[PDB]
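S.K.: Experimental coordinates follow, after the sequence.
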Amino acid sequence: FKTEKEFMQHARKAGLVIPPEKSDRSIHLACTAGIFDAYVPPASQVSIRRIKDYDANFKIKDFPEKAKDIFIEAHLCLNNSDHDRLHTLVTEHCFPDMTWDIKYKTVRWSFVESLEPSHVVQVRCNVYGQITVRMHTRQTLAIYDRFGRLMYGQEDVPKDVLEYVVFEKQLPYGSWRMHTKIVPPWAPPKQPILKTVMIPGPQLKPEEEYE
Amino acid sequence: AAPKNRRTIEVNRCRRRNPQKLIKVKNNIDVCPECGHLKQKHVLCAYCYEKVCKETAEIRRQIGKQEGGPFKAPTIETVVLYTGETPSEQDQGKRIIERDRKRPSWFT
Amino acid sequence: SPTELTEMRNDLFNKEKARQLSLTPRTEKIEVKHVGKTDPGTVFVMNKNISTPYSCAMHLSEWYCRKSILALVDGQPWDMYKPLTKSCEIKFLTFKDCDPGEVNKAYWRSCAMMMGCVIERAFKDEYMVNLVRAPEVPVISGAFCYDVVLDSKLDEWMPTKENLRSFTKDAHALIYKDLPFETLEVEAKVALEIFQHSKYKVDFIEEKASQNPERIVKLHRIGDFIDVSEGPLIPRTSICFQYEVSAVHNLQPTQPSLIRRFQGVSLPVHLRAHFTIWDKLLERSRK
Amino acid sequence: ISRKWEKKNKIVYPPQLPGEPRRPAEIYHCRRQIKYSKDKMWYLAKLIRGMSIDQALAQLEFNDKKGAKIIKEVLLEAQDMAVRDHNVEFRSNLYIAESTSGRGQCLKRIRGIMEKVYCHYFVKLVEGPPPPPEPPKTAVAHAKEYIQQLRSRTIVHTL
Amino acid sequence: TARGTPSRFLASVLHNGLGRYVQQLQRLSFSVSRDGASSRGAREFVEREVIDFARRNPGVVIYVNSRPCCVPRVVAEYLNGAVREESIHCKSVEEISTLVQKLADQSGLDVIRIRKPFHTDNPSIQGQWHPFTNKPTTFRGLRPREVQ
Amino acid sequence: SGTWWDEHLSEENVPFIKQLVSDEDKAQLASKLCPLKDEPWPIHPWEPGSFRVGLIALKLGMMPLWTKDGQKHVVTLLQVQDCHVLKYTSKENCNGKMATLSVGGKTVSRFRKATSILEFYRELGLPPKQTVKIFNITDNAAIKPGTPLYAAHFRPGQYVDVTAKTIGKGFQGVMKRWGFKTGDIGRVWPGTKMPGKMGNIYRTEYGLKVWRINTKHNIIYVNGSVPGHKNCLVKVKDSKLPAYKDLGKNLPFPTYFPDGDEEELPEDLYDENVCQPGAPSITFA
Amino acid sequence: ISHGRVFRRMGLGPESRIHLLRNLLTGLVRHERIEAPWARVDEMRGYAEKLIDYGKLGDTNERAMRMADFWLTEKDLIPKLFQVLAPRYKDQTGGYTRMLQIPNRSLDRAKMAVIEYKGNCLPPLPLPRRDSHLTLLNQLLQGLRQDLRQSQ
RNA sequence: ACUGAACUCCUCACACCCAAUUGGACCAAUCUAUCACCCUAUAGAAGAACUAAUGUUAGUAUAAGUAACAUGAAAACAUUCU
Ligand SMILES: [Mg+2]
Ligand SMILES: [Mg+2]
Ligand SMILES: [Mg+2]
Ligand SMILES: [Mg+2]
Ligand SMILES: [Mg+2]
Ligand SMILES: [Mg+2]
Ligand SMILES: [Mg+2]
Ligand SMILES: [Mg+2]
Ligand SMILES: [Mg+2]
Ligand SMILES: [Mg+2]
Ligand SMILES: [Zn+2]
């Protein structure tokens, strides 16, 4: 199937009555479906108070330093495929979106010195703190294959990366972890690919035509 | 009678793997120029004949709607017409089966 | 020296490919819509000055590699191994098309060039062989031709049947090698650098570089053999199935030297003829 | 039940070096519990064992047998995951290196025991042009083999 | 049987008697349990005989490992990189001494079948027989039915 | 792929190639009509003990033929259609006991032969024949390869061996094939009569009288029955039967030559005992 | 041994083969195009063209109306055979049907065939075309025809 | 005269070619006692050892992809016809 309506209509046509049963335990989520306020890039001390009243030892003047080490160390966990550290470093909205398509291929990301200082942009808020940070770095990539042949990026050459990384904290034992990464609509296209792609047209059954 | 001994897999492999039992690589196979799905020579394309089969299916359904009931074979030749086509001067005195789609590129 | 000729010509050729690929903007990726009758509306997202129409055919199937011969790139005939240049539209032209004029012409140009690759490496060393051109013969006219000027020793030479048969045996040795036809569109200065020791082909490069608004001239290479064509060529030598060098004629208004034309006829692996039909096509190719 | 052939698409090789030839891709695909017998799939599996996948598809579209359609679904599916999942750039540039068929978990129907026969179908596709077929050995090869056997021989059972 | 086993030709390691003789046994590795009834005869071999043995051939380096084993082993390694692992399980000291001297005396070559009982490398001195030894020649090299 | 000759030709070029190749077959058959105005091989007279060429003929069917004693004789007709001598091999190159002539009949399409055969007939200058049979023959009878053989190579009164492939009946069992239906021998002897494929093999009818030859349509009218279905090709040689080993005195010895133009033959030669049509109705008085 | 046996043995008798062929011929006079298995189609092709040659003998002919009364199991098609099909083919003397092969039947893998009657209103079949006259071989042979016409 | 054995000699080693029967020395695996601790030791015990019972159960072969088996026809799948 493709959705829940297709399964419930198929379960009604079949006769599968699935009773919605009452259970006292639910799912204890630690993330958010996306971003609270979509920071569209080129006064939120409200939410800084609404963070410090829970955390009470929190200096924003030290945080994009910390946001650097949450960023970079998480990306080095892709070089080894260490998922158990990534769950401390990254949120669960962010973990599949960075580790799923990279499965069964080796990546060799590396960091080199930033062009700009990283600096925090905005802060928003059972309670989910959410901090977007601007990072302007120089990174290196080489995404290989199952067969160890290069499919993205020269390994030595550093490239300049803009990164509007959104962090999130649960507000008891949690910390700041990468939640998402905003890419602005004005951004240039990424590196081109080493291979070529055929993109199929409409598969025509005999009764229809191409127009 | 009954088998005296049991045939072995050496004898059997020599029997069921010799080329009289293998499938011949056939080489009649071309590409239909009009559809690009590969056909076989001396045989019509499965795809293009499925086109023609489906359009004869709609046309025969509308034959059956304009006749109505069995034993209504007309004494008149018939002409299939598509949307936005006047019956020609040659089409006079011929029953007309109006369609709802465009004239195909291959019907003429 | 002839070995110095082929070495220095191929080395100038590889200087031009080496300069030709070095001017990439690091894998720019242009897309070409397969404007074609069948399998329509499929874009190929390809590397810019690297990937040829053969690789588009390889994205479609083995059938469109083995059967397709030219490519109408924006209505222009294109080699299968000539690298693409920009976002365009590709048809694939085969021999068995509805109106295959440009494919007959491309096959014809190819077979004349293969013939010249047989002629240059045919004679023993003390005889100067000099290839002036391949004139554009219509396919109706019976036989592809190649004008050659021979040495003054062979002013009165006329080959036997066994010598034309030895020319064909060198041609089937040239088909069996299965050689692709490399192309290079080169401006006229390096084109005059490669052919700097033949007056006839120099004048041909000069007359053809006068025809385009640049100084652009097509060069083709079979294997170790460079020549100037008028347009596109066949993808491989392996397409020619039947190939016969059928006759030699001497042109008449020859006061300075003999413009000694060679005749030949050939058919692809696709348009094979029966042996009797092929004999009658041999006879008509000797006029 | 063993399922080792599905896992074979999960081998990850350490990345290569620039002074090293490009490793061709290997796409292990299979279908399990095909309702057909394992020895009728041997002819269809045997038929396509070094062919390119376009020649294999083309040969299986015009074969009359039941398994030809099933193998054609397996090869179109493995051409898809060849390109999507395993970084094969050209759909056309594959060939069948392995195409076998094992027996599946059969059923037994009491009539008088009668087996409902099942099978699998295992295909490894390898990226690249299909390898050139083995030429029949000539009289030069036979004469050199014979003479090399004559050169090989020693005075036996002595010093 | 001989057709199931591999065979080899009789050889040496580096022409082992020609210039000088070299002891082909590099390392012995005894592993002897401290408390354990199977390595009793190994224990009394380390206590009595292994120092005398280690002095009777100093080109052999001997490692007594003395871990908790449940079967004691001796592992002979040879100069050509062969390894013979034999057990000294439930053996007397005298049987272990004849085994260790057996491993000392031999070489690393396999105890697969040896084809010939000898190995000359120059078997022929007067020239090996070819079918034109022991035939007389003719005048001017003629053959039968040769006229001139 | 394999092709055939017709595959890549347009609608315009199929009857053009039919008329072209058919007209060169008629021209090549027409150019060989003067063997003696050509340069033949030296013609020798008949010597006692020499053999001459046979023929290859179509079997047209049967018809009756009444003799002067009022008895039927069932007679096969055998048309000679485009028979020609194809290659002469002497006894030295044959390593047989006798020289051989290869003779073929019934022009067959050029678009349906192996190319070694088409090169053979191309060098020979002829359209290709269906069958090539080989005749054991003395040196005295050796016509040049490329010459027509005619019906009047045989004459009435001559006895003739005719061989051809019999009508194949397919796999038949014992009762039809052989006509019927040990313990210590533990096996079935070779040559045991069992079911199997009946017919479709060469048999030879020996000693058949030639009754009438028709020079215009080139028909031979032979006594009795000939192996083979209708329109089958038979190999028609003079008989080896030892009661008929000396009657080559009156037969034209290399072959019959209409090109020789000497005392030309009528429409139809008859044997002396044949009641001809057109003769008055026979009376036994 | 079946030399010269021209008729397929079909159905479950000679009567039943003539009723199978009569049903196929009735289907093709009604619909003017039929998919049917191949041996049944060419047997019926021989019967179909002869049936038009009885259709050209006139409606008023008594023997033609006997044959059409037998061979057309649906009686409304007897006005169609004498006023639609037989006036259509009044010019040409033979070749009223065309037969082609379908790909094989998916059920039992039978050799399948179509016959249609020529010149019908239905969508045309993808007929196997001759190769174009502008190809390489066809232009060489066209030029050879031009030379052999230049001989006169 | 030569060949020719498991006889006899020769170099080293020797307890190391019979049925039924009968004497003896060892012993696989298991459990118990106490050791041992990458698989053992001394004993004590016993459902204590399988190339064979038209053995029993299960698996999978062979005969064999064999014998056998199945759907009147066209079609608009409505319907009509045999
Ligand atoms: Mg039947
Ligand atoms: Mg002896
Ligand atoms: Mg033990
Ligand atoms: Mg015990
Ligand atoms: Mg027991
Ligand atoms: Mg027993
Ligand atoms: Mg048992
Ligand atoms: Mg069957
Ligand atoms: Mg049997
Ligand atoms: Mg049966
Ligand atoms: Zn098609």
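M.R.: Thanks, I have the structure now. Numbers count the residues shown, from 1 in each chain, chains lettered A, B, ... in the order given. Ligands and ions are numbered 1, 2, ... in the order given.
S.K.: contacts, neighbours, all on C-alpha from now
M.R.: Fine.
S.K.: what does chain A have sitting close to chain B?
M.R.: A:206, A:207 (C-alpha under 8 Å from any C-alpha of the partner chain).
S.K.: what does chain F have sitting close to chain B?
M.R.: Residues of chain F lying near chain B (C-alpha under 8 Å from any C-alpha): F:1, F:2.
S.K.: Geometrically speaking, which residue is the centre of chain F?
M.R.: Among the residues of chain F, the one closest to the centroid is residue F:56, at 1.5 Å (C-alpha atoms, centre = their mean).
S.K.: backbone phi and psi for that residue, please?
M.R.: Backbone torsions for residue F:56, taken as degrees, to the nearest 10, come to phi -130, psi 120.
S.K.: Let me know the helix or strand that the residue nearest to it when sequence neighbours are not counted is in.
M.R.: Leaving out its chain neighbours, the residue that sits closest to residue F:56 by C-alpha to C-alpha, 6 or more residues apart in numbering or on different chains is residue F:235, at 4.6 Å. Applying DSSP states H and E as the criterion places residue F:235 in strand F:233-238.
S.K.: Parallel or antiparallel, list what pairs with that strand.
M.R.: strand F:55-66 (antiparallel), strand F:159-165 (antiparallel) (DSSP bridges).
S.K.: which helices and strands sit right next to whichever helix or strand comes after that strand?
M.R.: Moving toward the C-terminus from strand F:233-238, the first helix or strand encountered (DSSP H and E) is strand F:268-270. Packing partners of strand F:268-270 (3 or more C-alpha pairs under 8 Å, 6 or more residues apart in numbering or on different chains; DSSP states H and E): strand F:202-214.
S.K.: If you count neighbours, what's buried in the strand it packs on?
M.R.: Buried residues in strand F:202-214, defined by neighbour count with 16 or more other C-alpha atoms under 10 Å in any protein chain shown: F:204, F:205, F:206, F:207, F:208, F:209, F:210, F:211, F:212, F:213, F:214.
S.K.: Kindly report the same for stretch D:87-105.
M.R.: Buried residues in stretch D:87-105, counted by 16+ other C-alpha under 10 Å: D:87-104.
S.K.: same question, stretch B:50-63
M.R.: Those buried within stretch B:50-63 under the rule 16+ other C-alpha under 10 Å are B:51, B:52, B:53, B:55, B:56, B:59, B:62, B:63.
S.K.: Ok, stretch G:135-142 next?
M.R.: G:135, G:136, G:137, G:138, G:139, G:140, G:141, G:142.
S.K.: With stretch D:109-126 instead?
M.R.: In stretch D:109-126, counting by 16+ other C-alpha under 10 Å, buried: D:117, D:118, D:119, D:120, D:121, D:122, D:123, D:124, D:125, D:126.
S.K.: Repeat that for stretch F:268-275.
M.R.: Neighbour count says stretch F:268-275 has F:268, F:269, F:270, F:271, F:274, F:275 buried, by 16+ other C-alpha under 10 Å.
S.K.: And for stretch B:34-53?
M.R.: B:35-40, B:43-49, B:51-53.
S.K.: Across the sheet, point out what pairs with the residue nearest the centre of chain G.
M.R.: Nearest to the mean C-alpha position of chain G, by C-alpha atoms, centre = their mean, lies residue G:97 at 2.6 Å. As for beta bridges, residue G:97 partners with residue G:117 under DSSP bridges.
S.K.: separation between it and chain B?
M.R.: According to C-alpha to the nearest C-alpha, to the nearest Å, residue G:97 stands 17 Å off from chain B.
S.K.: where's that residue relative to residue G:33, distance?
M.R.: 9 Å (C-alpha to C-alpha, to the nearest Å).
S.K.: tell me, what's touching these two both at once?
M.R.: Shared contacts of residue G:97 and residue G:33, defined by C-alpha atoms under 8 Å, 6 or more residues apart in numbering or on different chains, comprise G:115, G:116, G:117.
S.K.: that older thread, in the sheet, who's paired with the residue nearest to residue F:56?
M.R.: residue F:56, residue F:163.
S.K.: so it touches residue F:135, yeah?
M.R.: No. Judged on C-alpha atoms under 8 Å, residue F:235 makes no contact with residue F:135 at a distance of 9.4 Å.
S.K.: what do the two both touch?
M.R.: residue F:54.
S.K.: Mind checking which of the two has more residues around it?
M.R.: residue F:235 (23 against 20; other C-alpha atoms under 10 Å in any protein chain shown).
S.K.: Get me the contact residues on chain G for chain C.
M.R.: Close to chain C, as judged by C-alpha under 8 Å from any C-alpha, chain G has residues G:131-132, G:134-137, G:139-144, G:147.
S.K.: again, 6 Å this time
M.R.: G:132, G:134, G:136, G:139, G:140, G:143 (C-alpha under 6 Å from any C-alpha of the partner chain).
S.K.: before we move on, what SS does the closest residue to the third one other than its chain neighbours have?
M.R.: So that's residue G:136. Once flanking residues are discounted, residue G:136 sits nearest to residue C:104: 5.7 Å by C-alpha to C-alpha, 6+ apart. Using DSSP: H, G, I helix; E, B strand; the rest coil, the structure places residue C:104 in helix.
S.K.: number of nearby residues for residue C:104?
M.R.: 21.
S.K.: One more: the one 4 residues further on?
M.R.: Per other C-alpha under 10 Å, the neighbour tally for residue C:108 reads 26.
S.K.: Same check on residue G:54?
M.R.: 21.
S.K.: Could you tell me which residues within stretch F:245-265 count as buried?
M.R.: Buried, per 16+ other C-alpha under 10 Å, within stretch F:245-265: F:248, F:251, F:252, F:253, F:254, F:255, F:256, F:257, F:258.
S.K.: Tell me the span between the first and last residue of that stretch.
M.R.: 25 Å.
S.K.: For the most centrally placed residue in chain D, which residues are in contact?
M.R.: What sits nearest the mean C-alpha location of chain D, by C-alpha atoms, centre = their mean, is residue D:98, with 1.2 Å. Residues in contact with residue D:98 (C-alpha atoms under 6 Å, 6 or more residues apart in numbering or on different chains) are D:123, D:124.
S.K.: The strand holding residue F:235 to strand F:202-214, inter-axis angle?
M.R.: 70 degrees (axes from the mean of the first three to the mean of the last three C-alpha atoms, to 10 degrees).
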